[PDB]
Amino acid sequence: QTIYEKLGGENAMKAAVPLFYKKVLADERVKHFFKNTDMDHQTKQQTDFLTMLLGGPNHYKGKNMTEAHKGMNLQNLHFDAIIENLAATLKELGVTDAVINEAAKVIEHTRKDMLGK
């Protein structure tokens, strides 16, 4: 049983990523980072990336987390905002606190790869 299956699999991930961007794009701490970003592309990469990270099929062909955020000099508060919006998304979609916490614990290992790059 992977975290991806516990979340609801493909149809749940396809609903979660756009809801997560609706929340990120309303969040003052982070929305502006995406001003010049093709959000269709980004939704597809982030769907593939979280699907792979959370134990679903691995079709992620994008950049690593350092290259993805290179030049942005991201700060801790920006990563906390992302995790908070993803947790709020999964909660709103009906995922239990225990599964959200498992997912956040995997994603949290990426923090050192993207901050201050």
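Numbering starts at 1 and follows the sequence shown.
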Taking the recorded C-alpha temperature factors, which stretch has the higher mean, 83-91 or 35-43? 35-43
Place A68 in the lowest, middle or highest third of its chain's C-alpha B-factors, as listed in the PDB entry. middle
Mind checking which third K6 falls in for C-alpha B-factor across the chain? highest
Chain-relative C-alpha B factor for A16 (record values, thirds): the lowest
Chain-relative CA temperature factor third for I107: lowest
Determine, from the deposited record, the chain-internal third of the Cα B-factor for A98: lowest, middle or highest. highest
